[PDB]
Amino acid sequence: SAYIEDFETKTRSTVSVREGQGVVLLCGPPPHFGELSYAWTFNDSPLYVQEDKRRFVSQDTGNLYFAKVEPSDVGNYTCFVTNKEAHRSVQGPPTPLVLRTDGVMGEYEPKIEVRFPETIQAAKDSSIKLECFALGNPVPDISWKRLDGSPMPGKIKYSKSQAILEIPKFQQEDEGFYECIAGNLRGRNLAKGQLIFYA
């Protein structure tokens, strides 16, 4: 029952962007059945971004996010898609990224490009994963808050420069409103949602 087709497109359009500009590269995985995982390559090497708040790969959307693009980002990207159930992986087409020479992008407030749902039904003892990442210049910082201002239980797991907040072993006291804040010197924006317990 589980499968994934090869990508169909041989080469993607060159991405031209300004130094300082926020960009999202879309994976666009081919037809499939089964849960997908994602990595991106850069010039024929895997991307090591998990301690870099400027670049993020979402295992939910599959996309590669550049909060702001720097000269070092120039090269060829591909999306590498694993279908674990299918025991099969397929690589996407080469995607050239180049800098424009028209000048640099100015500074501007963060814009959240990946977020978590506004309402989430969370089963007892289940694990809830919230993502939040923003484009912006300067590179935004992501933080998290309960609306009731209570400290996070120790079990909560932050990862990828706080782009991801995970809540394991979900209990009733974990329910309520959460928000992620994406902020820089030019301003801040937020995403809020309500986690609702059921058993």
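Numbers for residues come from their place in the sequence shown, where the first is 1.
Note on 41 to 49 vs 131 to 139: mean CA B-factor is higher in 41 to 49. Two stretches are in play, 108 to 116 and 90 to 98, and the higher mean C-alpha B-factor belongs to 90 to 98. Within the listed group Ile167, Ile164, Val57, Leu36, the record reports its top CA B-factor for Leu36.
The entry lists a Cα temperature factor for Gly28 that places it in the middle third of the chain's modelled residues. Per-chain ranking of the deposited C-alpha B factor places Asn184 in the middle third. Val15: CA B factor lies in the middle third for its chain, per the PDB record. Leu147 sits in the highest third of its chain by CA B factor, as recorded in the PDB entry. Looking at the C-alpha B-factors along this chain, the one for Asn63 belongs to the lowest third.
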